[PDB]
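Taking it in order: structure first as structure tokens, then the write-up.
Each chain gets a letter, A, B, C, D, E, F and G, in the order it is written, and its residues are counted from 1.
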């Protein structure tokens, strides 16, 4: 999981297929789109967009 | 009320309200319901002025109607066309003679204009108007019967002092 | 290490055999410590004499009624349970109550042996009818506390011996409570109100003194472990 | 009949600071109340010594850090609260803790004056890097129970002193149980087994003796009726 | 963290706070996976404000979409796809807990799914189109921190979720013994911790900063904001949890924030709790606490407040801050510095001077009494009037920081302001009677009493319980999850060992291999909707390890015998005892106590003013007037409506009579009537009184 | 009848007092007027004006005038004429 | 009494404290005393403790739905920041100690202090003015205490054993003190049946006639077959009260308290309720009531009911597929089936739980809760409501003990959100009706003793019925009680029972029933002929005091408040703006 991750045995029986996404992504991605950051451009073009604005 | 006398309709209303409240587990004594209902049969509608000056179909206090039909009439208790009316909570509370209390929950301008044109005076008998004036309410300890109580020591006890 | 200030003990006499004691002001939290211990000591640490068994003449198997007396055997047992007896024997003794003819028979009719004293002669025992007779023997011995009926399950060689619960303790009913009080502008101190009812044998003051002495002797054992050690003292009241 | 054997007390050690005492025989229903009385006395009215206040060289209050120290002043105070000390004189006495350079600081490094002892030198206080220098003075005085900090507004101390809560109780844990003991002709009397674990300041038997003395003094009131 | 990811339904172009009743604030069947349907404010904004779910990201267009697992031919595959609500209405999605085969095929025939209308139905295994990513796909971050959430009622879950955001940071935090898997992530994503940027070795550690040397030779230095005031007054500070020479990987937490331990959120404390009524002191949701919590600072917190005052130019001159103050003794200002500001580190109570300040007065015109009085004393008139900043009533603490801005040094002060002074006062607030205290399952209560240690019931080994919760309040509120938390917390505190030597028991056949045995003080996780089953917890309760003496305190039923601390007799029946995680809310008594005798009065209405905790007055509504009239309490109503409000003439007479010992005079006529009379006369109405 | 000893502002019992007045309101006015008289007697004028006599019952250490008036009423040491 | 924080009391009483300080030479003048108080010097508290004595203070908890929301208490200084409130008055204030706050007001004038001391004192407001039913009575834990104390359980230690041949009676005690001694030794249980010779408790009427037909007095010993707990409970009641010997259910306690208020002075009632509170708390502390999942028992019959009703639902679905049902009727049939299933599961749970289980013991004793909540906790949640307001045909099988699944929890959240939104809008119409009622009845007051009217209304106390044995009418409590007879009760038995002007109380109604008279004429406010307002005789006794109403009583306000206070408890018209008009579905 994470580097530190203090040992905490879990009672879960199911398997997690998808890790929890960045909790603060809603507040950051919108602003990255507003200012057109380079990483935002890479993410948008990789999604299947051409000449994103 | 049309079929039977005024007493019967009051009993019917009390029974209906008490049944409504009791069917849901709420317990209230019948006397409170009776007190609430009594205010709905305090006015008598006057059809024609036979022993008064009240306009046709005008709501008048029962005591005033009785006094007018009893005393001022020279020929004795000449009847004046008038029958009891059931008029509900809203109109019963709205038909008060105290303009000071009426202006509390009615259009203030209309009430004030009607009072000024009529030049009628409000006697401070009640709770709504007295609190506005700052006078102590005419209920409980505030009535003249108890307010004017005079307290002095007994002659024997005073002598013992 | 000295206490904030010395507590005091006072008494008020509700009746001849009942009294209420007030101990205060105590350090906070000590009211509960003292109360239950004092109550238990008073109830179960004052030796006394009481009837531990009875035998009724003429009846040995049908313990419901006895001829010639208008009181059931249970009523006689309950009456005898209330007898006040003081003794210095340390050995069980036998007392006799014999009466014939109709009328009331009370405790005064008993004839105690040497060393046995009865404090409530007026206590009502039974009422005999015409031709009725009552011949009952009581076993009296000393003990502490309330000992339930010791049965004859393994001692069947004795016939007709009715065991009865014995209230050895001269103290009958004791209650206590703790109340909050303020001293030195702080409202944490405790006042202990202990109400004591006792038999006719001894006054409540003497019973309280005996309980206090017993508790002091008991805690002397703990004190003897290491004397001269740190311990909050109470100091003298007058000087 | 009424038994003649009066109660007696015996002791048995379990560890260096835990002892179990057996009192027997006792009247029925007497073990629990006596055990609870002893427990309350032990947990409430056993005197001891504790640190009342501290003064660090480079801080004016507790809401600040010391350069070169991993822990802040509040953490140092919290660690010091775990310190156990013994004192001989009622009046306050001063101890000094001084260290510099890299390394950890333990209660053992504290310098106690004559008549003052520290029983857990291995207790940790803080840790220092190369540019760290820790200097502090501690005031120790005797008392009982738990006493909160005393404000400098009333204590009259000058700015810089940091009062700390004092926990004078040396006892750590107490419990009791009751069993049935046999005396001639009966098998329903109470034997009380009470175990006491105390901090290293005093031995368990000393605490028990102190509690017994306090209880004797308190219960002498009833005996005074004569 | 919850605030940042919040979905508000109001503002510019939104809905009014007084509109849309029970029509837009209802839980639509489309919240599932895109908006938490349980956690929402209970205030005016119920339903209008919610929180985004754990697995949700906004579509570039602006439509909240959630992930789902692609299902083809009845086998679940790793082809996660993010769909919107309308995209989901054309498919049939199944639960995440539906059993599946090792390969991935469905083991059952009828599977529970959701239809296009938002209705739950049982369908064939082949009809399944998608599947949820995980059971906790509908709950938010705040709601996912509540263990055994499936056993709590919706209302109680909402209360607990909204209460978890009101926990004040404690002096020493501790992670919960029993929790979910959200404690870690929520701590790291909140940003209240310091995480190493790149792999390296800790160069040095101090209480103020951390230095780390990366594998590339690039140094990194992290400042640790220490004793920093939060917007709401709580102390926010960080302390390092690393030492020199420690290898640290990227993303590792090197420092922890206010409510984090080892990187996990630690909002509260684990306390030993016994479920039983106690002499009525915990009657009506009240809580009894042990004095130990006070002595050991278990529930202590740091509170910092800022007091600001400005000095500006005025038409009579420029008011200046000075140590010298007129008509005041020199003892009160003994703690002021050279420039007239309280020294840092000083202790201040109510009414203490923080910074001296004087203003030009102007016309004096002393009365003859004052003239003679100051002639005998000889103290000549002073042109200035004292206006120094004072500590508000009820507040105390120590000065921890002072900030000064001035136009003399080119600071950007507002127009006309010459200087500005801010003073920070910090205090060490311990737990006390009346402070609210609650768990994570909506169980809340004020602290009715704090007993001494010896009084609290104690276990046979001698451990005194830390808190007592009334039994009557649990079953009614329908929040049985707290009992499960208590049992599992006890199981975690004392390690457990299942008798797996002879074969896994029937109840333990489901436990993972790692969970068969754990040591004492272990921390376990019970994820929401995928946590420990009741049977497994019951089985574990019967396998707890002994204590130092070698005996088990809690039997197989989760109950233990407790001795009475006051009488000493053991309680007649065993009671439930365990460890519960409880947290201190910000609703403290010190901030919720008010009182008035005489103070400021309104300028227009001449009534006492309110809205502030210093000298705010209480409102006497019309319903209270009805109650007084029903009582027949004529005199009390008059005295309360005139003497104590907008009766300027009689108010001073009442004060004078009270101070002089004279009997109170009869009330006059309130201003509310004279003003009304004058106004109604102003409208050309000849209103007159007569006898 | 055989009630336990009242304490606080319950002494004397309200039921016994009520029997000595027309109603609760009359008793309230009775007590208030008597308390005003006691307070005026304490303050008086310095000249020893006897327009209002002092407490006919023995006062306590710091008993309020109202409590003294209620005790006097319970003791049948006063009389009043209703203002009807 | 009530506990008032030190700082709050000082702030409220500042001027009095300043006067006292100046009087005691602690301060030279007003300014010095003011400065001393504001600085809070040590001398202030000594003066405050004395000035506050015997000074009533009003406590209020808004909203004030009825006059009992404001009550006077005698304050006592307590350190802290929280006001200590008596546990009994909570129901009157409708407050719980989980964050609620109270407002404190201080009377100043002598009239106001007398008003608070007499009229508004809490000890004088035990009964509810609405109906006269006692309002300051044991609640929750207390009810669990007094109940547990008075329960009788077979097989208890020290149980009374009937005598046989060579076997006398065993469970017989000379006095309650001996029983206490035995219990302290573990030989007897507080709930075990025994025979005890009581000498200070008055025997019941039948036993008194059997044994003391000339009158019982203290010191007359009588043997009572009862439990030690019941004897201790009866020691709390006044010495003149007959022995009860019954299990103290909430209804039984209410009956006992109501009878006590009817016969004895109110002060005795206050003392008795204080004693009952103390005993209830003490015996609930050690009643063994606790919550654990070993105590939450799940009936074994639940699975069979669920399977059978699921089969019935499958049949309903099949018939719907056949076209014999439309959608709405299918949903209605499924809803009825599942409601029947829920009822059956609840009945099975009720018949499965042992009588001594804490969860069912709490509900059965009347302390709190209801069996529906127990079914939800251990049975099955049942049907839940969609946001539109209609029952979802598929119910929730899982119990909260088992743990609701994801979909069940999501569908359950709808009703929770709906109710939490509805709870506030519920009060709007109640307040509207209350303010109508008070406005119309604002100025109805009792102005004179009697109007001297011969009119009234006819009421019926009971009915003979088919068997001829008279059965009480369930409406007599709120109809005939608290009325004044218009005419003499001479219509039956050929002799008077009670003449005109007699107020019909519990003893009066009991005597009337024994006389075989059903119909009686009672004066009513409707038939009063007073010139203004109403008269005391027509109104009847005041439910708050239990005696004839006093002149000047504000009857109108009390009536309006009593009518309006329970308004929120009634069913109310739908709040859904969208949908269809709710008038038809009255």
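We adopt the following convention: a contact is a pair of C-beta atoms (placed from the backbone, for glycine too) under 8 Å apart; a residue touches a chain by one contact, two chains touch by 3 or more.
Protein identities per chain, from UniProt: F = DNA-directed RNA polymerase subunit omega.
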Note = Every chain in contact with both chain C and chain E is listed here as D, G
Remark   = Outermost chain relative to chain B, judged by CA means, is D
Query = In terms of Cα-based centroids, which chain occupies the most central position?
reply = G
Task = Please report how many Å separate the Cα centroid of chain F from that of chain G, as a whole number.
result = 36
Inquiry  = Roughly how far is chain D from chain F, centre to centre by C-alpha average, rounded to an integer in Å?
reply    = 58
Note = Distance between the CA centroids of chain A and chain C (whole Å) is 82
Task = Spell out, as numbers or ranges, the residues of chain B touching 2 or more other chains.
result = 127, 137-143, 145-146
Ask   = Which residues belonging to chain E are in contact with no fewer than two other chains?
value = 96-97, 135, 452, 454, 564, 566-568, 629, 631-633, 635, 661, 663
Key: Residue list for chain C, restricted to those that touch at least two other chains   = 29, 32, 36, 145
Ask   = Among the chains present, which pairs are found to touch?
value = A-E, B-E, B-F, B-G, C-D, C-E, C-G, D-E, D-G, E-F, E-G, F-G
Message = Taking the touch rule as given, give the residues of chain D at its contact with chain C in the complex, in rising order.
response = 1-2, 6-9, 11, 23, 27-30, 33-34, 36-38, 40-41, 44-47, 142, 144, 205-206, 208-226
Query = Of all residues in chain D, which touch chain E in the complex?
reply = 32-33, 35-37, 39-40, 43-44, 60-72, 74-75, 78, 81, 127, 129-130, 132, 146, 151-153, 159-160, 165, 167, 173-175, 177, 195
Task = Could you please specify the touching residues of chain E with respect to chain A in the complex?
result = 1, 4-5, 52, 54-55, 57-58, 60, 67, 69, 78, 80, 96-97, 133-135, 141, 175, 179, 181, 184-186, 188-191, 248-253, 262-264, 510-512, 514-515, 518, 522-527, 530-532, 536
Remark   = The chain G residues in contact with chain E across the complex are 5, 7-8, 11-16, 18-19, 23, 30, 38-39, 60, 62-67, 69-70, 80-82, 87, 90, 96-99, 101, 103, 105, 107-112, 115-116, 119-120, 129, 140-142, 144, 277, 281-282, 284-296, 358-359, 362, 367-369, 373-374, 376-377, 387, 392, 394, 400-407, 409-422, 425, 438, 552-554, 557-558, 560-561, 575-578
Residue numbers on chain F that touch chain G, as the complex places them = 1-4, 6, 8-10, 13-15, 22-25, 27-29, 31-32, 35-36, 39, 62-67, 70
